[PDB]
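Please read the structure below before turning to the comments.
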Amino acid sequence: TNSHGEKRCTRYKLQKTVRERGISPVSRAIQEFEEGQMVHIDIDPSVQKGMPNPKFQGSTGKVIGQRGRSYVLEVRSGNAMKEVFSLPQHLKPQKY
Amino acid sequence: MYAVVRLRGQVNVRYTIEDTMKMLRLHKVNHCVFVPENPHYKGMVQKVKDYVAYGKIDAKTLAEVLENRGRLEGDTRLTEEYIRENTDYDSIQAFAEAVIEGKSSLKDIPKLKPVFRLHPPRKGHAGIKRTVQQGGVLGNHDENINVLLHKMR
Amino acid sequence: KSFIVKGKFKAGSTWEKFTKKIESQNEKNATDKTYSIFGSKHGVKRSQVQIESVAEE
Amino acid sequence: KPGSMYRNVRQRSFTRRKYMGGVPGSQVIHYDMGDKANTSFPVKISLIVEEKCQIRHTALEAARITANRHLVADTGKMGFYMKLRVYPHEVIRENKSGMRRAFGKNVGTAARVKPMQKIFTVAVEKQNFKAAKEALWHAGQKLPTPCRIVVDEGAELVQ
RNA sequence: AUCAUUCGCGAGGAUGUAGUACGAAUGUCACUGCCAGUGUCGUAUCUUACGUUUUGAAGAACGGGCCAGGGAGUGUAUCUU
RNA sequence: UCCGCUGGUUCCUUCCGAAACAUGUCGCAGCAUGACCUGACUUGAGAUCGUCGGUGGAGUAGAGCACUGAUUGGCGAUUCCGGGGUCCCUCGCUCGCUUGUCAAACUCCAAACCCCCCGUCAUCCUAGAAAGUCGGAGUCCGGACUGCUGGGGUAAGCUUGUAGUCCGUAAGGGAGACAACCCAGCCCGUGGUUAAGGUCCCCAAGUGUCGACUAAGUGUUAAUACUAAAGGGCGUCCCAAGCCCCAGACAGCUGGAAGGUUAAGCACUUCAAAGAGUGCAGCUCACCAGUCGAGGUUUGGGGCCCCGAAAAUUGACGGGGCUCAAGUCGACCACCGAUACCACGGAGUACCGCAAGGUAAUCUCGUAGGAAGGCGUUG
RNA sequence: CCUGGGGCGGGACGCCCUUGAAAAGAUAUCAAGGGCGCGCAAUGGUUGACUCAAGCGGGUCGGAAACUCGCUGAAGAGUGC
RNA sequence: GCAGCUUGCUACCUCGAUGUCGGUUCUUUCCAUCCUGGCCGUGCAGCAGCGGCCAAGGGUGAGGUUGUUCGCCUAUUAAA
Ligand SMILES: [Mg+2]
Ligand SMILES: [Mg+2]
Ligand SMILES: [Mg+2]
Ligand SMILES: [Mg+2]
Ligand SMILES: [Mg+2]
Ligand SMILES: [Mg+2]
Ligand SMILES: [Mg+2]
Ligand SMILES: [Mg+2]
């Protein structure tokens, strides 16, 4: 039977491209975010700590608070609001 | 100005297309709405091409449409006197000319309904199972929508 | 009142030229007879028949 | 087991042989016939299929045998070069009870070919064009698809 | 409708006559003594009964020969709104 | 007694109206919890079923070998690890250049849908958005059509999924009948015009128009569980291209196949006109001369039709029948034909208004079920 | 108990990963590939110093089998399963 | 490819029952024809075969074993 683990069916959700494999840009890991700012969840597979679910990969979260290094995001999953803790390595700002 | 007339019913229609129709205010067949030419309405009319007929109406067609199928609140017919007492122009024809020239709107008329419940097409139409380019009636008539609007007068 | 019609049409999976000599009352009737004859002899609609010209002869 | 069983293409490609078990290999022996060195054949024709069909390896072997024998008896042993382009990569599995645990065992391979995809390419001289064309006609009679011949090289060389 | 003009290979279309004559209904004046309804028969169109089990019933699925009467969410205690 | 199993459970109208799915369950004919439906209340300003633009997620179709694995030859070298008749030299793997194929657990690439967020338009919304609390359930046998080459399967009116829409719970109109195919979602009566589909009769309206095809009663069968293939046709109708062609071809009619060779034909110096040879040693074609005097032959791509084509009560284009059609193809005209659409008069409902009354394209179908208002018997 | 009737077989009866799965999420079958019911006071933590697999070249019977020096080497290794 | 006449697959109908094999009796139907009728080919001399096409009007039986269907065996027979 199939499993129910957190990494289930994440062969390409949590995979890095060939020319971004290895160390990531360190400037992405100290990008400070403001209160209420909209940020995109684009999970960095190399950074194995503070990662959200693969189910939130590609969702825009509204920053509502900080819990140390990571940020608190109000993410939408279908019809429910979720609080998704993610470090700045996995987040990316939305530009207008 | 797209003249969008509905020509197929609401049975076996997907909910996205049916809500597209409902936001266009086309709930029943033989119902016409006049909308501007912005890209938003162009995409909305493109989404419902298989269930309506749309085109670029001219001034004479819209003038006759207002004169013969304009209803105010309470299901009262539109006439020349109401137009002259609620617009600046000499008749329905000049108001239709102003609307086609872009310096007027159908919302200029107070209480006027935005849906024209038209008669069924006299001597039929070309068919609701083929588009205009396939020999039917659905889709884009371009300036030939006024012929279909004339036969649904 | 005789005409020459040039063009190509979809003869199955391919396209074939033609210069079939057609006569009728005028040029538009010649084109209509061209479309009708190709829809008959090959069962193709008028979207599969392209007429490059209608030469009066 | 007739070819009508494993003919229609309604299932995905079952070719990753490291996740299956014990495929009986194809009976197809060679894929090049005739002169495998002379690249100077002016008239070249190819047998193409005009449906989406799965050709069994036994069908491919029978077609190759008949076409190669006809070409050897027509244009001599070294007067032609005939190429079977497609390898049978799909693995065909039969449910050898009832429908419980219906995923069958592999009972042979086959080649999935698309419409207009060339099966056999034949290169011949000017005079041996008709014999090569007729042998390719005999080859397609052993295949499960309608096949039509198309001329690759020297269209003006023939007519 | 008819008639006139013009177009169209043709069947036919457009224009005018004409939004005319007509047209559901709403009023009024004559005229007449039947009409609504009931029973049965015929003609035209439509419908393969009822309840139930059913995804699906006219079923070759289950119940009823017919008629009359009897025949199925009631009380105590307790909790909740 | 008990039963999750069977059957039955008695009046009318009005409003709204599902689910046959997930997790747990000695659970699989049951139940609970959630989704979905319903009623009320609190709350007080936004909501996104839809479009267009942008910031992001793509790793599916497609494509390809750049990784993982397969896979086909040719050419030139691995002087080395190897197989064979002074390790004299044979020689398969291995590595490059050029070819030939692939992947559902492959990707240097890579869409269209789609999903989160932002802006805009659009629609809904103070006659109450989103949110919250409570009352009441039904429901967890589903099925079908159109797609995903969905998975499995030889296939199945098979089994198991997913997106949308249907039947269930869906009338009326039409397909001969048709649960779910098309028009259509439907309060009552009248008038009109159209939708689907049809107009030779059965049957209201075309023995309709133009241009061709079919000679088989083929066909007169949109979708489809209701419709036979591979293969072939000098059947017939077309398009295009080679070849010979009024310096005379093609098919028929006149002189010859005479030098040769018996290399026992059938196990040349040089002539326009005769071979190591087509045929029942004379008996016969290929081939030059003349002849009527003009098209002939080959190939490819198409339309329809034909053979392939055999089943059991007599029978099914719906039936009659139909042949420049009443069939097929490319177009066209006019008419018929719904409860749809329009209009008129009427009923009910929803909300608002103190009330008169106002609005409704944006109200009127309905199974399980919730809510409301009434009729009746006995006292 | 599940079960293309039940039984025999099997456990798709708990947990984990790839495909199925149709590029958000979800998605079944006795669907396909399978695995787990553990091992480790170091096979753990941190700091420093280095880079691995495999080839080519040089080095003595240390053979085409050891160990050592140079070059190629973004990973073709290792990270307990 | 056809048939659905063998065995399968499936679970759509029937479990408030559609009496379940074989034989017997009687009637009918299909042709993919065993004989009878008409042809074609032959490696058809005749006789007798072999293969194919048209054709469903008639015929296609009696017995031993076995419950049998099927199948074997017997002697007839135009064929059984
Ligand atoms: Mg039910
Ligand atoms: Mg009683
Ligand atoms: Mg692919
Ligand atoms: Mg449907
Ligand atoms: Mg419904
Ligand atoms: Mg119906
Ligand atoms: Mg109810
Ligand atoms: Mg059981």
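Chain lettering (A, B, ...) mirrors the order of the structure tokens, residue numbering begins at 1 for each chain separately, and ligand numbering begins at 1 in order of display.
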### Message
Please return as a ChimeraX atom specification the residues found within 10 Å of ligand 6, counting only C-alpha atoms (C1' of nucleotides) and all ligand atoms.
### Response
/F:170-174,178-179,184
What does the file look like for those residues with N, CA, C and O atoms (P, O5', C5', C4', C3', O3' and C1' of nucleotides), as a PDB file, in the first residue's frame?
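Here's the written file selection13.pdb:
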ATOM      1  P     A F 170     -38.873  13.623 -10.792  1.00  0.00           P
ATOM      2  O5'   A F 170     -38.864  14.264 -12.242  1.00  0.00           O
ATOM      3  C5'   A F 170     -38.238  13.592 -13.324  1.00  0.00           C
ATOM      4  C4'   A F 170     -38.114  14.484 -14.528  1.00  0.00           C
ATOM      5  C3'   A F 170     -37.308  13.897 -15.681  1.00  0.00           C
ATOM      6  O3'   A F 170     -37.853  14.343 -16.922  1.00  0.00           O
ATOM      7  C1'   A F 170     -36.309  15.902 -14.972  1.00  0.00           C
ATOM      8  P     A F 171     -38.620  13.337 -17.915  1.00  0.00           P
ATOM      9  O5'   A F 171     -39.992  14.079 -18.204  1.00  0.00           O
ATOM     10  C5'   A F 171     -41.078  13.973 -17.298  1.00  0.00           C
ATOM     11  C4'   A F 171     -41.972  15.184 -17.356  1.00  0.00           C
ATOM     12  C3'   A F 171     -42.459  15.590 -18.736  1.00  0.00           C
ATOM     13  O3'   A F 171     -43.580  14.837 -19.153  1.00  0.00           O
ATOM     14  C1'   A F 171     -41.650  17.491 -17.592  1.00  0.00           C
ATOM     15  P     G F 172     -43.725  14.395 -20.683  1.00  0.00           P
ATOM     16  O5'   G F 172     -43.632  15.768 -21.473  1.00  0.00           O
ATOM     17  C5'   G F 172     -44.721  16.675 -21.489  1.00  0.00           C
ATOM     18  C4'   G F 172     -44.449  17.859 -22.380  1.00  0.00           C
ATOM     19  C3'   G F 172     -43.961  17.539 -23.782  1.00  0.00           C
ATOM     20  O3'   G F 172     -45.011  17.211 -24.666  1.00  0.00           O
ATOM     21  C1'   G F 172     -42.558  19.159 -22.834  1.00  0.00           C
ATOM     22  P     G F 173     -44.738  16.214 -25.887  1.00  0.00           P
ATOM     23  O5'   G F 173     -43.657  16.986 -26.753  1.00  0.00           O
ATOM     24  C5'   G F 173     -44.013  18.125 -27.516  1.00  0.00           C
ATOM     25  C4'   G F 173     -42.876  18.575 -28.398  1.00  0.00           C
ATOM     26  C3'   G F 173     -42.217  17.507 -29.252  1.00  0.00           C
ATOM     27  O3'   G F 173     -42.957  17.182 -30.409  1.00  0.00           O
ATOM     28  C1'   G F 173     -40.553  18.780 -28.205  1.00  0.00           C
ATOM     29  P     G F 174     -42.968  15.674 -30.945  1.00  0.00           P
ATOM     30  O5'   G F 174     -41.445  15.393 -31.308  1.00  0.00           O
ATOM     31  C5'   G F 174     -40.833  16.091 -32.378  1.00  0.00           C
ATOM     32  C4'   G F 174     -39.421  15.631 -32.640  1.00  0.00           C
ATOM     33  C3'   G F 174     -39.212  14.153 -32.885  1.00  0.00           C
ATOM     34  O3'   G F 174     -39.601  13.761 -34.187  1.00  0.00           O
ATOM     35  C1'   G F 174     -37.470  15.032 -31.530  1.00  0.00           C
ATOM     36  P     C F 178     -39.446   5.923 -25.593  1.00  0.00           P
ATOM     37  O5'   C F 178     -37.981   5.333 -25.418  1.00  0.00           O
ATOM     38  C5'   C F 178     -37.712   4.261 -24.522  1.00  0.00           C
ATOM     39  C4'   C F 178     -36.230   4.006 -24.421  1.00  0.00           C
ATOM     40  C3'   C F 178     -35.442   5.098 -23.706  1.00  0.00           C
ATOM     41  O3'   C F 178     -34.268   4.561 -23.093  1.00  0.00           O
ATOM     42  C1'   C F 178     -34.760   4.981 -25.964  1.00  0.00           C
ATOM     43  P     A F 179     -34.313   3.787 -21.684  1.00  0.00           P
ATOM     44  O5'   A F 179     -34.129   4.919 -20.584  1.00  0.00           O
ATOM     45  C5'   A F 179     -35.062   5.975 -20.428  1.00  0.00           C
ATOM     46  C4'   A F 179     -34.711   6.822 -19.240  1.00  0.00           C
ATOM     47  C3'   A F 179     -33.411   7.596 -19.356  1.00  0.00           C
ATOM     48  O3'   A F 179     -33.612   8.848 -19.987  1.00  0.00           O
ATOM     49  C1'   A F 179     -33.558   6.517 -17.238  1.00  0.00           C
ATOM     50  P     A F 184     -31.689  25.205 -25.995  1.00  0.00           P
ATOM     51  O5'   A F 184     -32.891  24.606 -25.144  1.00  0.00           O
ATOM     52  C5'   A F 184     -34.158  25.243 -25.096  1.00  0.00           C
ATOM     53  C4'   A F 184     -35.071  24.563 -24.110  1.00  0.00           C
ATOM     54  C3'   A F 184     -34.628  24.603 -22.661  1.00  0.00           C
ATOM     55  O3'   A F 184     -34.931  25.833 -22.018  1.00  0.00           O
ATOM     56  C1'   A F 184     -35.248  22.409 -23.210  1.00  0.00           C
TER      57        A F 184
END
### Message
I'd like the contact shell of residue 77 in chain G - 10 Å cut-off, only C-alpha atoms (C1' of nucleotides), skipping same-chain residues fewer than 3 positions apart - returned as a PyMOL selection string.
### Response
chain G and resi 52-54
Neighbourhood of ligand 5 at 12 Å, counting only C-alpha atoms (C1' of nucleotides) and all ligand atoms, reported as a PDB file with N, CA and C atoms (P, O5', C5', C4', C3', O3' and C1' of nucleotides), in the first residue's frame:
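And here is the file that came out, selection-v1.pdb:
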ATOM      1  N   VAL B  11     -28.809  24.095 -20.044  1.00  0.00           N
ATOM      2  CA  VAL B  11     -28.782  22.677 -19.712  1.00  0.00           C
ATOM      3  C   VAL B  11     -27.489  22.078 -20.235  1.00  0.00           C
ATOM      4  N   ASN B  12     -26.858  21.240 -19.413  1.00  0.00           N
ATOM      5  CA  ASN B  12     -25.609  20.564 -19.757  1.00  0.00           C
ATOM      6  C   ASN B  12     -24.466  21.548 -19.975  1.00  0.00           C
TER       7      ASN B  12
ATOM      8  P     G F  17     -33.045  25.477  -3.830  1.00  0.00           P
ATOM      9  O5'   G F  17     -32.906  24.062  -3.123  1.00  0.00           O
ATOM     10  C5'   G F  17     -31.790  23.759  -2.303  1.00  0.00           C
ATOM     11  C4'   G F  17     -31.857  22.346  -1.787  1.00  0.00           C
ATOM     12  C3'   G F  17     -31.683  21.250  -2.820  1.00  0.00           C
ATOM     13  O3'   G F  17     -30.313  20.991  -3.075  1.00  0.00           O
ATOM     14  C1'   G F  17     -33.558  20.778  -1.453  1.00  0.00           C
ATOM     15  P     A F  18     -29.781  20.587  -4.534  1.00  0.00           P
ATOM     16  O5'   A F  18     -30.067  19.025  -4.619  1.00  0.00           O
ATOM     17  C5'   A F  18     -29.028  18.072  -4.458  1.00  0.00           C
ATOM     18  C4'   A F  18     -28.568  17.970  -3.027  1.00  0.00           C
ATOM     19  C3'   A F  18     -27.518  16.906  -2.757  1.00  0.00           C
ATOM     20  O3'   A F  18     -26.208  17.364  -3.040  1.00  0.00           O
ATOM     21  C1'   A F  18     -29.259  16.698  -1.181  1.00  0.00           C
ATOM     22  P     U F 165     -20.601  21.038 -13.774  1.00  0.00           P
ATOM     23  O5'   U F 165     -21.521  20.211 -14.767  1.00  0.00           O
ATOM     24  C5'   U F 165     -22.014  20.803 -15.955  1.00  0.00           C
ATOM     25  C4'   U F 165     -22.751  19.801 -16.801  1.00  0.00           C
ATOM     26  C3'   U F 165     -24.024  19.251 -16.197  1.00  0.00           C
ATOM     27  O3'   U F 165     -25.119  20.130 -16.378  1.00  0.00           O
ATOM     28  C1'   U F 165     -22.734  17.485 -17.101  1.00  0.00           C
ATOM     29  P     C F 166     -26.521  19.845 -15.660  1.00  0.00           P
ATOM     30  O5'   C F 166     -27.085  18.585 -16.441  1.00  0.00           O
ATOM     31  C5'   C F 166     -27.884  17.616 -15.796  1.00  0.00           C
ATOM     32  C4'   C F 166     -27.983  16.369 -16.623  1.00  0.00           C
ATOM     33  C3'   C F 166     -28.837  15.265 -16.027  1.00  0.00           C
ATOM     34  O3'   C F 166     -30.196  15.404 -16.389  1.00  0.00           O
ATOM     35  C1'   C F 166     -26.721  14.399 -16.566  1.00  0.00           C
ATOM     36  P     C F 167     -31.364  15.279 -15.303  1.00  0.00           P
ATOM     37  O5'   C F 167     -31.505  13.720 -15.082  1.00  0.00           O
ATOM     38  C5'   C F 167     -32.129  12.912 -16.061  1.00  0.00           C
ATOM     39  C4'   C F 167     -31.946  11.454 -15.747  1.00  0.00           C
ATOM     40  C3'   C F 167     -32.542  10.978 -14.433  1.00  0.00           C
ATOM     41  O3'   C F 167     -33.922  10.685 -14.521  1.00  0.00           O
ATOM     42  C1'   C F 167     -30.327  10.204 -14.613  1.00  0.00           C
ATOM     43  P     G F 168     -34.841  10.749 -13.210  1.00  0.00           P
ATOM     44  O5'   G F 168     -33.985  10.000 -12.103  1.00  0.00           O
ATOM     45  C5'   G F 168     -34.021   8.591 -11.933  1.00  0.00           C
ATOM     46  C4'   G F 168     -33.256   8.186 -10.698  1.00  0.00           C
ATOM     47  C3'   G F 168     -33.762   8.782  -9.397  1.00  0.00           C
ATOM     48  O3'   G F 168     -34.856   8.066  -8.857  1.00  0.00           O
ATOM     49  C1'   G F 168     -31.433   9.087  -9.529  1.00  0.00           C
ATOM     50  P     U F 169     -35.619   8.612  -7.559  1.00  0.00           P
ATOM     51  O5'   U F 169     -35.828  10.155  -7.861  1.00  0.00           O
ATOM     52  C5'   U F 169     -37.101  10.671  -8.214  1.00  0.00           C
ATOM     53  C4'   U F 169     -37.035  12.153  -8.496  1.00  0.00           C
ATOM     54  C3'   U F 169     -36.627  12.549  -9.914  1.00  0.00           C
ATOM     55  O3'   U F 169     -37.342  13.720 -10.309  1.00  0.00           O
ATOM     56  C1'   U F 169     -35.112  13.489  -8.370  1.00  0.00           C
ATOM     57  P     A F 170     -38.873  13.623 -10.792  1.00  0.00           P
ATOM     58  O5'   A F 170     -38.864  14.264 -12.242  1.00  0.00           O
ATOM     59  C5'   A F 170     -38.238  13.592 -13.324  1.00  0.00           C
ATOM     60  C4'   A F 170     -38.114  14.484 -14.528  1.00  0.00           C
ATOM     61  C3'   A F 170     -37.308  13.897 -15.681  1.00  0.00           C
ATOM     62  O3'   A F 170     -37.853  14.343 -16.922  1.00  0.00           O
ATOM     63  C1'   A F 170     -36.309  15.902 -14.972  1.00  0.00           C
ATOM     64  P     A F 179     -34.313   3.787 -21.684  1.00  0.00           P
ATOM     65  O5'   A F 179     -34.129   4.919 -20.584  1.00  0.00           O
ATOM     66  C5'   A F 179     -35.062   5.975 -20.428  1.00  0.00           C
ATOM     67  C4'   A F 179     -34.711   6.822 -19.240  1.00  0.00           C
ATOM     68  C3'   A F 179     -33.411   7.596 -19.356  1.00  0.00           C
ATOM     69  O3'   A F 179     -33.612   8.848 -19.987  1.00  0.00           O
ATOM     70  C1'   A F 179     -33.558   6.517 -17.238  1.00  0.00           C
ATOM     71  P     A F 180     -33.093   9.138 -21.476  1.00  0.00           P
ATOM     72  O5'   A F 180     -31.627   9.707 -21.261  1.00  0.00           O
ATOM     73  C5'   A F 180     -31.427  11.029 -20.796  1.00  0.00           C
ATOM     74  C4'   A F 180     -30.312  11.089 -19.790  1.00  0.00           C
ATOM     75  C3'   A F 180     -28.918  10.795 -20.309  1.00  0.00           C
ATOM     76  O3'   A F 180     -28.344  11.912 -20.970  1.00  0.00           O
ATOM     77  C1'   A F 180     -29.283   9.615 -18.294  1.00  0.00           C
ATOM     78  P     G F 185     -33.789  26.834 -21.479  1.00  0.00           P
ATOM     79  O5'   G F 185     -34.131  27.007 -19.934  1.00  0.00           O
ATOM     80  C5'   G F 185     -33.802  26.000 -18.982  1.00  0.00           C
ATOM     81  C4'   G F 185     -34.891  24.964 -18.872  1.00  0.00           C
ATOM     82  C3'   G F 185     -35.794  25.073 -17.649  1.00  0.00           C
ATOM     83  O3'   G F 185     -37.097  24.630 -18.000  1.00  0.00           O
ATOM     84  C1'   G F 185     -34.749  22.974 -17.653  1.00  0.00           C
ATOM     85  P     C F 365     -40.170  25.304  -8.967  1.00  0.00           P
ATOM     86  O5'   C F 365     -39.771  24.592 -10.325  1.00  0.00           O
ATOM     87  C5'   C F 365     -40.773  24.271 -11.273  1.00  0.00           C
ATOM     88  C4'   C F 365     -40.724  22.817 -11.646  1.00  0.00           C
ATOM     89  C3'   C F 365     -40.720  21.840 -10.481  1.00  0.00           C
ATOM     90  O3'   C F 365     -42.023  21.570  -9.999  1.00  0.00           O
ATOM     91  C1'   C F 365     -38.999  21.279 -11.991  1.00  0.00           C
ATOM     92  P     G F 366     -42.228  20.803  -8.609  1.00  0.00           P
ATOM     93  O5'   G F 366     -41.687  19.343  -8.916  1.00  0.00           O
ATOM     94  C5'   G F 366     -41.653  18.356  -7.905  1.00  0.00           C
ATOM     95  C4'   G F 366     -40.395  17.530  -7.990  1.00  0.00           C
ATOM     96  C3'   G F 366     -39.746  17.170  -6.670  1.00  0.00           C
ATOM     97  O3'   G F 366     -40.393  16.062  -6.071  1.00  0.00           O
ATOM     98  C1'   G F 366     -38.100  17.930  -8.192  1.00  0.00           C
ATOM     99  P     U F 367     -40.275  15.752  -4.504  1.00  0.00           P
ATOM    100  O5'   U F 367     -39.326  14.485  -4.460  1.00  0.00           O
ATOM    101  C5'   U F 367     -39.748  13.241  -4.993  1.00  0.00           C
ATOM    102  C4'   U F 367     -38.795  12.129  -4.641  1.00  0.00           C
ATOM    103  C3'   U F 367     -38.291  12.104  -3.207  1.00  0.00           C
ATOM    104  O3'   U F 367     -39.210  11.521  -2.307  1.00  0.00           O
ATOM    105  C1'   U F 367     -36.459  11.920  -4.658  1.00  0.00           C
TER     106        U F 367
END
Run DSSP on the backbone and tell me which residues of chain D come out as alpha helix (DSSP H); list them as a CSV table (one decimal) with N, CA and C atoms, in the first residue's frame.
chain,number,residue,atom,x,y,z
D,57,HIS,N,7.1,-8.6,-32.3
D,57,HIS,CA,8.4,-8.9,-32.9
D,57,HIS,C,8.3,-10.0,-33.9
D,58,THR,N,7.4,-10.9,-33.7
D,58,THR,CA,7.2,-12.0,-34.7
D,58,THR,C,6.7,-11.5,-36.0
D,59,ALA,N,5.8,-10.5,-35.9
D,59,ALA,CA,5.3,-9.9,-37.2
D,59,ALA,C,6.4,-9.1,-37.9
D,60,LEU,N,7.2,-8.4,-37.1
D,60,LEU,CA,8.4,-7.7,-37.7
D,60,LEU,C,9.4,-8.7,-38.3
D,61,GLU,N,9.6,-9.8,-37.7
D,61,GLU,CA,10.5,-10.8,-38.2
D,61,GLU,C,9.9,-11.5,-39.5
D,62,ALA,N,8.6,-11.7,-39.5
D,62,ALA,CA,8.0,-12.3,-40.7
D,62,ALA,C,8.1,-11.3,-41.9
D,63,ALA,N,7.8,-10.1,-41.6
D,63,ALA,CA,7.9,-9.0,-42.7
D,63,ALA,C,9.3,-8.9,-43.2
D,64,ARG,N,10.3,-8.9,-42.3
D,64,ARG,CA,11.7,-8.7,-42.7
D,64,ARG,C,12.1,-9.9,-43.5
D,65,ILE,N,11.7,-11.2,-43.1
D,65,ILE,CA,12.1,-12.4,-43.8
D,65,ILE,C,11.5,-12.3,-45.2
D,66,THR,N,10.2,-12.0,-45.4
D,66,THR,CA,9.6,-12.0,-46.7
D,66,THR,C,10.2,-10.9,-47.6
D,67,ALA,N,10.4,-9.7,-47.0
D,67,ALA,CA,11.0,-8.6,-47.8
D,67,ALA,C,12.5,-8.9,-48.2
D,68,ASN,N,13.3,-9.5,-47.3
D,68,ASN,CA,14.6,-9.8,-47.6
D,68,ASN,C,14.8,-10.9,-48.6
D,69,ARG,N,13.9,-11.9,-48.5
D,69,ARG,CA,14.0,-13.0,-49.4
D,69,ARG,C,13.6,-12.5,-50.8
D,70,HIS,N,12.5,-11.7,-50.9
D,70,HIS,CA,12.1,-11.1,-52.2
D,70,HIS,C,13.2,-10.2,-52.8
D,71,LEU,N,13.8,-9.4,-52.0
D,71,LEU,CA,14.9,-8.6,-52.5
D,71,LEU,C,16.1,-9.3,-52.9
D,72,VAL,N,16.4,-10.4,-52.2
D,72,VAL,CA,17.6,-11.2,-52.6
D,72,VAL,C,17.3,-12.0,-53.8
D,73,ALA,N,16.1,-12.4,-54.0
D,73,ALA,CA,15.7,-13.1,-55.3
D,73,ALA,C,15.4,-12.2,-56.4
D,74,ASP,N,15.3,-10.9,-56.1
D,74,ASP,CA,15.0,-9.9,-57.2
D,74,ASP,C,16.3,-9.2,-57.6
D,75,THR,N,17.0,-8.5,-56.7
D,75,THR,CA,18.1,-7.7,-57.0
D,75,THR,C,19.5,-8.2,-56.6
D,129,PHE,N,14.1,-0.7,-58.8
D,129,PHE,CA,13.1,0.0,-58.0
D,129,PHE,C,11.8,-0.7,-57.9
D,130,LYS,N,11.4,-1.3,-59.0
D,130,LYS,CA,10.1,-2.0,-59.0
D,130,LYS,C,10.1,-3.3,-58.2
D,131,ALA,N,11.2,-4.0,-58.2
D,131,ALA,CA,11.3,-5.2,-57.4
D,131,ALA,C,11.4,-4.9,-55.9
D,132,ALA,N,12.1,-3.8,-55.6
D,132,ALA,CA,12.2,-3.4,-54.2
D,132,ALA,C,10.8,-2.9,-53.7
D,133,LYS,N,10.1,-2.1,-54.5
D,133,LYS,CA,8.7,-1.7,-54.2
D,133,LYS,C,7.8,-2.8,-54.0
D,134,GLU,N,7.9,-3.8,-54.9
D,134,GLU,CA,6.9,-5.0,-54.7
D,134,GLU,C,7.3,-5.9,-53.5
D,135,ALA,N,8.6,-6.0,-53.2
D,135,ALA,CA,9.0,-6.7,-52.0
D,135,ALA,C,8.5,-6.0,-50.8
D,136,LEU,N,8.6,-4.6,-50.8
D,136,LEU,CA,8.1,-3.9,-49.6
D,136,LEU,C,6.5,-4.0,-49.6
D,137,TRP,N,5.9,-4.2,-50.7
D,137,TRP,CA,4.4,-4.5,-50.7
D,137,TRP,C,4.2,-5.8,-50.0
D,138,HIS,N,5.0,-6.8,-50.3
D,138,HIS,CA,4.8,-8.1,-49.6
D,138,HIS,C,5.2,-8.0,-48.1
D,139,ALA,N,6.1,-7.1,-47.7
D,139,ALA,CA,6.4,-7.0,-46.3
D,139,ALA,C,5.3,-6.4,-45.5
D,140,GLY,N,4.5,-5.5,-46.0
D,140,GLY,CA,3.4,-4.9,-45.3
D,140,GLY,C,2.2,-5.8,-45.2
D,155,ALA,N,12.9,10.8,-56.6
D,155,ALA,CA,11.6,10.9,-57.1
D,155,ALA,C,11.6,11.3,-58.6
D,156,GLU,N,12.5,12.1,-59.0
D,156,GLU,CA,12.6,12.4,-60.5
D,156,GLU,C,13.3,11.2,-61.2
D,157,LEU,N,14.1,10.4,-60.5
D,157,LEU,CA,14.7,9.3,-61.1
D,157,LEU,C,13.8,8.2,-61.6
D,158,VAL,N,12.6,8.1,-61.0
D,158,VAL,CA,11.6,7.1,-61.4
D,158,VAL,C,10.6,7.7,-62.4
### Counting only C-alpha atoms (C1' of nucleotides), chain D residues within 12 Å of chain H, as a ChimeraX atom specification
/D:2,4,95-100,102
Considering only C-alpha atoms, extract the chain D residues located within 12 Å of chain C and return them as an mmCIF file with N, CA and C atoms, in the first residue's frame.
data_model
loop_
_atom_site.group_PDB
_atom_site.id
_atom_site.type_symbol
_atom_site.label_atom_id
_atom_site.label_comp_id
_atom_site.auth_asym_id
_atom_site.auth_seq_id
_atom_site.Cartn_x
_atom_site.Cartn_y
_atom_site.Cartn_z
ATOM 1 N N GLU D 50 0.231 3.825 -41.523
ATOM 2 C CA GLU D 50 -0.701 4.939 -41.434
ATOM 3 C C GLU D 50 -1.755 4.717 -40.356
ATOM 4 N N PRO D 115 1.409 7.081 -36.717
ATOM 5 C CA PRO D 115 1.022 7.231 -38.124
ATOM 6 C C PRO D 115 2.099 7.937 -38.934
ATOM 7 N N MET D 116 2.296 7.458 -40.162
ATOM 8 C CA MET D 116 3.268 7.953 -41.136
ATOM 9 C C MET D 116 4.715 7.673 -40.748
#
